[PDB]
């Protein structure tokens, strides 16, 4: 029941939108006629994305350059982006810190930096965005991974940050449901996707089929527009059948009902 018209004139933020899945989401939103504000560290790459977004038919497109390692940048970013659009309908949280497939050695540094960038910056962005999202009865879209639901070797710091996202965002979704805050939260569980980053990282190490980044970007936007609690997107139909955790839903509902 998704309709591309669900996004026309909507005010959307997309993080990590200079390349990969983030860039594909900005292009999709542009084609749907949304107002977009994209962010990443590369000002030059973001300018090119914003230009193609206006070409594609966006109601408006702007960018704000900076690092999500900086919590002051994150807080101010949401305010600046909201002031540029005159509100906020959907917050798409998609950036991560650069990571590789390697065994955990003595890297507290990569663990701390992955936690600050992949998890804490998302919380700061939410807190900053929530007054406008409350006014619009908007949506928060949190891009995660299969490695955020299940254990795989070579991605320990990454997995920790992605598991932290589920814990945080699913707990506040329960709070919003009980306090009657009509701000939806969509957690996106993605399998391996064919971005230049993933294809380089995975070469000669992993032998899995990667899914198309364009289709993946559209499935995230659909999830958010339909206010779905979770989106599952993987190349395998077998993997997609096993990802759902019905016991967790019963365990949550047992507490919820009583």
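Residue numbers count along the first chain shown, from 1.
Chemist: Return whichever of 229 to 237 and 212 to 220 has the greater mean Cα B factor according to the PDB record.
Modeler: According to the PDB entry, the answer is 229 to 237.
Chemist: Do the CA atoms of 53 to 61 or those of 34 to 42 have the higher mean B-factor in the entry?
Modeler: Looking at the recorded C-alpha B-factors, 53 to 61 comes out higher on average.
Chemist: Which of these, 93, 133, 172, 101, has its C-alpha atom at the highest B-factor, as the entry lists it?
Modeler: Among 93, 133, 172, 101, the highest C-alpha B-factor in the entry belongs to 101.
Chemist: Place residue 87 in the lowest, middle or highest third of its chain's C-alpha B-factors, as listed in the PDB entry.
Modeler: Answer is highest: the recorded C-alpha B-factor places it there.
Chemist: By its CA B factor, does residue 189 count among the lowest, middle or highest third of the modelled residues in the chain?
Modeler: It belongs to the lowest third of the chain when residues are ordered by C-alpha B-factor.
Chemist: Would the CA B-factor of residue 75 place it in the lowest, middle or highest third of its chain?
Modeler: It belongs to the middle third of the chain when residues are ordered by C-alpha B-factor.
Chemist: Grab the CA temperature factor for residue 123 from the record and place it in the lowest, middle or highest third of its chain.
Modeler: For residue 123, the deposited C-alpha B-factor lands in the lowest third.
Chemist: Lowest, middle or highest third: where is residue 179 by Cα B-factor in its chain?
Modeler: Ranked within chain, residue 179 CA B lands in the highest tercile.
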